[PDB]
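Residue-level structure breakdown
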Amino acid sequence: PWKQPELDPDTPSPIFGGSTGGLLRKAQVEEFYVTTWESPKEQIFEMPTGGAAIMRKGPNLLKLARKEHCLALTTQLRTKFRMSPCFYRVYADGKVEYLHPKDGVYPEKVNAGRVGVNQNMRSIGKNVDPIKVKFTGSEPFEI
Amino acid sequence: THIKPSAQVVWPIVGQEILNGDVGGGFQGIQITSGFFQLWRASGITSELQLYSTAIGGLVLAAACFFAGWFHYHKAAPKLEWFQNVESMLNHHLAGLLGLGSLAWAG
Amino acid sequence: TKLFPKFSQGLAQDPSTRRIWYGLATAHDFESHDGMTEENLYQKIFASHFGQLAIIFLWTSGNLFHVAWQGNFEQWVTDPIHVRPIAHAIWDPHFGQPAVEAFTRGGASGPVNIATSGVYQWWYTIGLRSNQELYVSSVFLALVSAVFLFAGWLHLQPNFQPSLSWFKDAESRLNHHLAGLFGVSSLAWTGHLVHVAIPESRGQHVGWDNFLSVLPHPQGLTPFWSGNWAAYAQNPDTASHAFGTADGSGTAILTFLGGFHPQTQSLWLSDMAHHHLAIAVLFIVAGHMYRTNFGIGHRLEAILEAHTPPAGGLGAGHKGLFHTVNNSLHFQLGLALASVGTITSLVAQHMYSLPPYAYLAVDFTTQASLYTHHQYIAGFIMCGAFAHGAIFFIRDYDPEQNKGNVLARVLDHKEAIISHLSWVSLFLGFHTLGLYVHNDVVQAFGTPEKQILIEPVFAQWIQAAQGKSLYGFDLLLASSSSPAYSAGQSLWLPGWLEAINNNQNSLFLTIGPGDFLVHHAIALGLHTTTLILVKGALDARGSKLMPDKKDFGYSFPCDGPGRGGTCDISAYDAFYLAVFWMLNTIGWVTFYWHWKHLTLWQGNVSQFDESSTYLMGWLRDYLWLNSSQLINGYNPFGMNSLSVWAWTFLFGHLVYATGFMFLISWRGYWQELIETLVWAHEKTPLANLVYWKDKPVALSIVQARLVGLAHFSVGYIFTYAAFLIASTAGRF
Amino acid sequence: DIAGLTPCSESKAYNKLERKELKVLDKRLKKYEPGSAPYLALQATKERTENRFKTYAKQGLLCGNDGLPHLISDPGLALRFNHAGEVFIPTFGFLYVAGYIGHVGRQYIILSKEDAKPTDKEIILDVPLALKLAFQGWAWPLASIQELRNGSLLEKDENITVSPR
Amino acid sequence: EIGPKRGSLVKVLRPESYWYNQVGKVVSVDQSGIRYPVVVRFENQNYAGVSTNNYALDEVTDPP
Amino acid sequence: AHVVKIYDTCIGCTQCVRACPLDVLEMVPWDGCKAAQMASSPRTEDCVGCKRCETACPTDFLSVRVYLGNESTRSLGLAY
Amino acid sequence: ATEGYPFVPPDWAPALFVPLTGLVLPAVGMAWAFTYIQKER
Amino acid sequence: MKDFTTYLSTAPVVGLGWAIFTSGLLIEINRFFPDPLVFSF
Ligand code: CLA
Ligand code: CLA
Ligand code: CLA
Ligand code: CLA
Ligand code: CLA
Ligand code: CLA
Ligand SMILES: CC1=C(/C=C/C(C)=C/C=C/C(C)=C/C=C/C=C(C)/C=C/C=C(C)/C=C/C2=C(C)CCCC2(C)C)C(C)(C)CCC1
Ligand code: SF4
Ligand code: SF4
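**Remarks on the overall build of chain C**
In terms of regular secondary structure, chain C is built from 28 helices and three strands. Taking 2.2 N^0.38 as the reference for a compact globule, 732 residues should give roughly 27 Å; the C-alpha atoms of chain C span a radius of gyration of 29 Å, in line with that estimate. Projected onto the principal axes, the alpha-carbon positions of chain C cover approximately 85 × 80 × 60 Å. Partitioning the intrachain contacts of chain C with sequence separation of at least 6 by distance along the chain shows that 66% fall at a separation of at least 24. If you sum the accessible surface of chain C, you get close to 34,400 Å²; carbon and sulfur atoms cover 68% of it.

Right under this line is the structure:
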């Protein structure tokens, strides 16, 4: 967005009971994901890996094992309560990565500030045959 | 104990006359397996006339049930609160349906 | 980062259990290996071919060693019709006391296994008599296996690694292989036959000590340098001749009597001697055809570019095809596998009708096992041929290289070929199942005369054209006035006619309407397998559902649930579905062979003739009547020698069922189940200390198809082999 | 007497099968009174069996070593010998109806594709036009031949969806 | 202006398209100079279920 | 991880980025379409290959293509 | 022996060789393969 | 009748009318005539 926000460990967490679906040993040895949203009141939402939880009035913090869980929760919140949340990625060494709103305007918009990446100006099906790129290490679509 | 039950008779059209097996009693047909003869011996049934009457009554009740479905949907459809009366449904299908049927069969 | 997939750096980065399976599966896919050129790929294939040669020679050396050690080859030589062959002794510590007692067959002491591989008849025919000679053969074959090992290592070092252009030398390779690998090899084989097997069948022992002192023919090479080659075909073996002694024998090394030996029920030794000599001469002559360093010869590219028919019959003809075949290794592999599978089918169809080994026809179970083995091998090899042709079409096919040629034109109207194959397969299946169901429900109603019995007039007419006088068609080779009968009337006609008019042997058996119906079922299976393999090959690189299939590799799972659903869209899955049809087709041909031959051996050919028409008779008199001795291998009353075959039967059933386990259910439910197991292991006392290094991950969809097909095929093969050998060994 | 097959009239196994069928059919006759409906049905079955065995004989039918009649498939061999009635004429008899079905389906397909939103005509059939084509398909081979000749039977590939290989 | 007439039937020669060698009806042609300005509508859906697609000027011709 | 490529046939319906529950795709400004948008895949290494973008793609053939191969701990959808 | 020089193995060789390749050689195979797979660079 | 005959021209005109007609036709050929094998008129 205008300024990249850093997650705060002091934000509270939604009220939830013990669910067997949640963080595993991968949250320790490898990276894990943290989702943050601001709520105006106490509402009931369904966790992407568990049952139902009551979010707090204000900031919220949810730790999820995969980025797909974080984006499923984000889409659920945006569809239900138009929450517009954001999620992070916390590595095993403590590195915090910003993933979802890189431009702060979501991938649906453009913002005129991001470059094209992995884009082919040729048409699909105009790719060369695999014989033309044999023993080269480059796929026809990677050209 | 000596005559095998039979309630389906095939046509002599093409080779099916071998399927009309000699089940005994001067009768040929498919040896049935649903046990309907045992049921019609449990409930007191002697002649085929009573079976005919039961069949006609069943056809009449089937026509009544189809007319009931047509009426209760197209003509006079119950509301949602009528279906949501769970206590009345349970009472009427416990005392009424199951209990009344058990009493009628006992009688 | 691991190092087990050294050929694939990307596979080594996989932290799951999929890395192990994919590294094992992509072990010899050198074209997809990381950082590998064409020349090193060709050298690796050369070394791999040397390795397979060494493995083959080691395996046959072990067969010789085990037969010479624990077999009854001397006792089989003394009495072939009575003594059974022995493969290897059985040392199983889990065996019980009755189990040891029930496997001492063939007049042996310990538990032994009866050999149905046919090596006893083959080695008795080629002059091997004692186990000493089999031991010497075993050690020599081990020596040449070690030689091939060292040669495979030899062509991997610098100053010894052949160049890329050396492999692409087509004309000299074909010249040398056709001249020496076929021609002079067959010449050496017929020389061995004449020197050793011809005298050893006539009571004259020829060995290394005395083959330079004995003479193969009493004239002694004077016919060869002169023109009088008929002196070799002067005194052939008479009808009353024994294969072990010289009772009523003659001095002939090359003869063309034809037919079978009256005692051994096998082809004459002089017949195959002249056969291999003529094949040797013709192949050495044909090996001097292609162009080499000398000025004479033929160029393959010139022949391919020259054979373009006028008026645009094949467009560009075979123009630009030499580089297509030479550059693409998969094209050559598919052609080689196609020819090898077709000739394995030919070998299977010609071994049983024309047995070349003495007392092979008497051994019924051995002939059945040999036919079934080589037919299933041929079917698998043809499936591999079509699969590797599909791999050629997607991987290394260049349309601009050969524009308008036969290949591009075939790819242009691929829809017509696929549709016509679908039409002929659908028509064959529709009417074959219709007549089978018609006859079967007609036989059910107690009136078997109403079944449609279309007499096989075409094949009976062909058989009468070959000299079978049973059908009464007085065509050529059956009438004395025909020129074909007169030509060769004194050469091989009295032998061939006597062998083909005798119904006891397997040469051109009498065929009825049930034979014709099961032949049409065989044609249906071949047509459907061809249809699916051809459709997978032609749609390997492009389709209307997915035009960019060539960019996704040969073996990819799917494209997703979009566009209606794209499951099993690759040519790999086309091969995978075609293996089922191949297994069903070879099962049909082996069912037909086994039942017809079993009814011939038991003597009730009329039972097969009147029972093969309808499928219920097929089931009752083949899969039920012949399975009585098989399932009685281990009764609660007791156990017999067929206990191993019943256990193998149920084993094949269980492996086929596990194939169903992998085939019906698909990956995605197993991933969640494995996730629940992961949570169970991670959150338990006394077991969270032990942790996996490779993450447990369910089998991939391509991997799932492979393992389901694999389990299905091995279970199929094992249960049918067990039933076949138990039904053929229980009675005879 | 072709392919080593005896005629059905002069076959011993054919008569053996006939008398075996008569014996097993008369076995069930002893368990019913002669004036009974199962007896009448069994008598009708026996009469049909005898009529079938009589009509299959002396009808240019052969059987060999099994008592079950055999069919001769090669034309010409079915012409010089009286065996065309086995498969020769019924081949054209089936092919006439098969071409009838294909031709009326093709006529309905063309006459439906020239109508607005033509995808509903396949699920909502029209009966008068389909019956009109159903009673106009007797001369299907002449119509097919003339359509092949004028080129309206086939269509230019240029207008045919082709796989992009 | 630079493409075919709106409402006129055109033939698609794009090989990877589902409607290769098929006839579609032009609904709009873009005049802003984009990669595939010709917009056509087909009476038969594809496997994805859509009925409209965009093609370049060289991928459309008048059917005979 | 997997390879996700977007071709010039895209017309900027910005629905392929909604169907992807991993934030692999993004919309960048363009000039080759009427909508002046083009799909781009900066976080390609986070893709699993679920082909939901290909399902959501209305162009024939697909403007966004996903190619399987080289699975990782994030491309396999593993929470363990 | 009468040309047993293509050495005939003893009649007790199965008792040593069958468990050698049924129990020991598979054990070496599993150990060697498991050391191969779990090898980090 | 218009609404009813529009429904009656759907699936049962081809799935039932053709099926019943062709079936019962073939039943009556197989009934009045006995089982044939050779087309001898
Ligand atoms: C008497 C005149 C005559 C005749 C009859 C032929 C006949 C032939 N010539 Mg020709 N030729 C002639 C004079 C003649 N030649 C002369 C004077 C010259 C100049 C010297 C040549 C030079 C010449 C060349 C250079 C070549 C031929 C070839 C051929 C063969 C193929 C022709 C063709 O276009 O394929 C037929 C047309 C097609 C379109 C092929 C269609 C095939 C279909 C699609 C396959 C159907 C498969 C089907 C399913 C199989 C079912 C079987 C079942 C068991 C399953 C054919 C046998 C070619 C050859 O050798 O091939 C054998 C070739 O390369 N000719
Ligand atoms: C024994 C079981 C069996 C049977 C009977 C079939 C039958 C068929 N499969 Mg096969 N298939 C099987 C198992 C079987 N499959 C298995 C286990 C696999 C591995 C996955 C495959 C894989 C496979 C592939 C990959 C292909 C086939 C194809 C075919 C067709 C081949 C065409 C043919 O022979 O004429 C038709 C054969 C018949 C037996 C006709 C069956 C229909 C009869 C007449 C009944 C019709 C209905 C009847 C009138 C009753 C109506 C009422 C009823 C519908 C309720 C045919 C429909 C090919 C195909 O469809 O392309 C042409 C094809 O490409 N199959
Ligand atoms: C490769 C082919 C092959 C096969 C499948 C068999 C199979 C058998 N042999 Mg035999 N064997 C073979 C070749 C073979 N043999 C050769 C060439 C020799 C002579 C050196 C022997 C010497 C031999 C003896 C002395 C004994 C057996 C025994 C056995 C049985 C138990 C398995 C066992 O202990 O392995 C055999 C184990 C060995 C160590 C001997 C084989 C030595 C190999 C061939 C050399 C290594 C080559 C290569 C590097 C590795 C081969 C693997 C390759 C196939 C992939 C079994 C029936 C035992 C038995 O009960 O008899 C029935 C027994 O006592 N074998
Ligand atoms: C004592 C009263 C009574 C009786 C006997 C029944 C009997 C039945 N009800 Mg119930 N029901 C009742 C009161 C009653 N209902 C009340 C008060 C309510 C509202 C709260 C409902 C709401 C209700 C629902 C929502 C459904 C049923 C259904 C059913 C049938 C269950 C199928 C079965 O078990 O097979 C037994 C089958 C038979 C014995 C066959 C004979 C059926 C006869 C003709 C029915 C006669 C009973 C009827 C109450 C008589 C008065 C109706 C009058 C206006 C003519 C059964 C016939 C199911 C249904 O639709 O089936 C009709 C269903 O889904 N009931
Ligand atoms: C001599 C002939 C020949 C040659 C040179 C090749 C060579 C090749 N083929 Mg081909 N192929 C052949 C025969 C041949 N194959 C046959 C006969 C078939 C039909 C079965 C196939 C089917 C086939 C397919 C479908 C594919 C190949 C592929 C390949 C490549 C790598 C395969 C490999 O080594 O993976 C090593 C594989 C393994 C180590 C797995 C072994 C598991 C086997 C196959 C299952 C056996 C069942 C069971 C477990 C056996 C044990 C039973 C138990 C009771 C003991 C390589 C170019 C692949 C390719 O090109 O990649 C794109 C590919 O997709 N081939
Ligand atoms: C009357 C319409 C019609 C016509 C003229 C054709 C014509 C053709 N089809 Mg097709 N087919 C049709 C309907 C039709 N089909 C239907 C409805 C299906 C779905 C079951 C198929 C499924 C199908 C397959 C799977 C295959 C063919 C093939 C073929 C070719 C071989 C000829 C043949 O008998 O195939 C056999 C045809 C069938 C087994 C389908 C029988 C279904 C019935 C008879 C059609 C009912 C249509 C109905 C009567 C028309 C309405 C009449 C109107 C008055 C209302 C030929 C081009 C084959 C091919 O490509 O060869 C080149 C091929 O492999 N067809
Ligand atoms: C996919 C593909 C492929 C493959 C293919 C295949 C796999 C095929 C096969 C094929 C086959 C598998 C074929 C076969 C053939 C055969 C034949 C062609 C035969 C012939 C014969 C004859 C001609 C004979 C004659 C005779 C004689 C000599 C004697 C007796 C009499 C008579 C006359 C019969 C490839 C690689 C190319 C590549 C591309 C693609
Ligand atoms: S789904 Fe396809 S056409 Fe639509 S905006 Fe994305 S890449 Fe472009
Ligand atoms: S395959 Fe799935 S995760 Fe990957 S870019 Fe497409 S929609 Fe997103």
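**Notes on the site of ligand 5**
All names here are of chain C. Lining the immediate environment of ligand 5, one finds 17 residues, of which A25, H28, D29, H388 and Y554 sit closest. In this structure, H388 approaches ligand 5 through a side-chain N or O atom, which is 2.8 Å from a nitrogen atom. Ranked by residue count, the leading element in the shell around ligand 5 is helix α15 (residues 364-395), at five residues. Counted by class, the shell around ligand 5 contains 11 nonpolar, four polar and two charged residues.

**Quick word on the sheet that holds strand β1 (residues 6-7) of chain D**
Spatially, β3(C)-β3(D)-β2(D)-β1(D) is the arrangement adopted by the four strands of the open sheet, whose pairing is mixed. Strands at the two margins of the open sheet, each flanked by one partner only, are β3 (454-455) of chain C together with β1 of chain D. As paired strands, β3(C) and strand β3 (residues 69-72) of chain D are joined by two bridges and run parallel to one another. For C:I454, the partnering residue across the bridge sits in β3(D) and is D:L71.

**Let's talk about the interface of chain A and chain F**
Of the residues lining the interface, 35 residues belong to chain A; the matching set on chain F comes to 40 residues. Interface area for chain A against chain F, summed over the two sides, is near 3,200 Å², with a carbon-plus-sulfur share of 56%. A per-residue breakdown of the area chain A buries against chain F is headed by A:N118, A:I124 and A:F141, which together make up 19% of the total. Connecting chain A to chain F are four salt bridges. Where chain A meets chain F, there are 18 residue pairs in polar contact. Mapped by element, the contributors of at least two residues to the side of chain A that touches chain F are α2 (67-81) and β7 (119-120) of chain A. Per element, the largest residue contribution to the side of chain A that touches chain F is three residues, and it comes from α2(A). The sheet contact formed by β7(A) and strand β1 (residues 3-7) of chain F spans two bridges and is parallel. Across the sheet, residue A:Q119 finds its bridge partner in β1(F), namely F:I6.

**What to know about the packing of helix α3 (residues 38-70) of chain C against helix α7 (residues 131-154) of chain C**
Residues and elements named next belong to chain C. Put simply, α3 and α7 touch, their axes get as near as 8 Å, and they point 165° apart. When the interaxial angle is binned, α3 and α7 end up roughly antiparallel. Between α3 and α7 lies a crossing whose hand is left-handed. Looking at the contact of α3 with α7 residue by residue, the classes come out as 19 nonpolar, seven polar and no charged.

**Here we look at helix α17 (residues 414-444) of chain C**
Along an α-helix, a turn takes 3.6 residues, which lines up residues three or four apart on a common side. All names here are of chain C. Helix length check: α17 (31 residues) gives 44 Å between terminal C-alpha atoms against 45 Å at 1.5 Å per residue, within 8%. Restricting attention to buried positions, one finds in α17 the residues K414, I418, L421, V424, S425, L428, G429, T432, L435, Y436, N439 and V442. Taken together, the buried residues of α17 touch α16 (406-412), β3, α21 (513-538) and α24 (615-624). After α17 finishes, the residue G446 shows a positive phi value of roughly 75°.

**What about the environment of C:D548?**
Tracing the sequence through the fold places C:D548 in the loop between α21 and α22 (571-602). In this structure the C-alpha to C-alpha distance between C:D548 and C:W123, which are 425 residues apart in sequence, comes to 55 Å. When near neighbours in sequence (up to four residues on either side) are disregarded, C:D548 contacts A:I124, C:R541, F:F61 and F:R65. A distance of 2.4 Å separates a polar atom in the side chain of C:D548 from a polar atom in the side chain of F:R65.

**Here we look at the site of ligand 8**
In the neighbourhood of ligand 8, 15 residues make up the surrounding shell, with F:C10, F:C13, F:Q15, F:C16 and F:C57 lying closest. The residue inventory of the shell around ligand 8, partitioned by class, reads 10 nonpolar, five polar and no charged.

Quick notes on the rules
- Residues numbered from 1 in each chain as written, not as in the entry; some residues may be left out.
- Chains lettered and ligands numbered in written order.
- Part of a larger assembly, values for the part shown.
- Heavy atoms only, no water.
- Helix = DSSP H or I, 4+ residues; strand = E, 2+ residues; numbered from the N terminus.
- Rg over C-alpha atoms; globule rule 2.2 N^0.38 Å.
- Contact = heavy atoms within 4.5 Å.
- Areas by Shrake-Rupley, 256 points an atom, 1.4 Å probe, with all protein chains shown as cover.
- Near = heavy atom within 4 Å.
- Polar contact = N/O pair within 3.5 Å; in protein donor to acceptor, adjacent residues only side chain to side chain.
- Nonpolar A, V, L, I, M, F, W, Y, C, P; charged D, E, K, R; others polar.
- Pairing = 2+ DSSP bridges.
- Buried area = accessible area lost by both parts, 1.4 Å probe.
- Salt bridge = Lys/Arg side-chain N within 4 Å of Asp/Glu carboxyl O.
- Axes fitted to C-alpha atoms, helices over the stretch in contact; angles between N-to-C directions.
- Parallel < 35°, antiparallel > 145°, perpendicular 65-115°, else oblique.
- Left-handed = near helix turned anticlockwise from the far one by under 90°.
- Expected span 1.5 Å × (residues − 1).
- Buried < 20%, exposed > 50% of the residue type's maximum accessible area, 1.4 Å probe, protein only.

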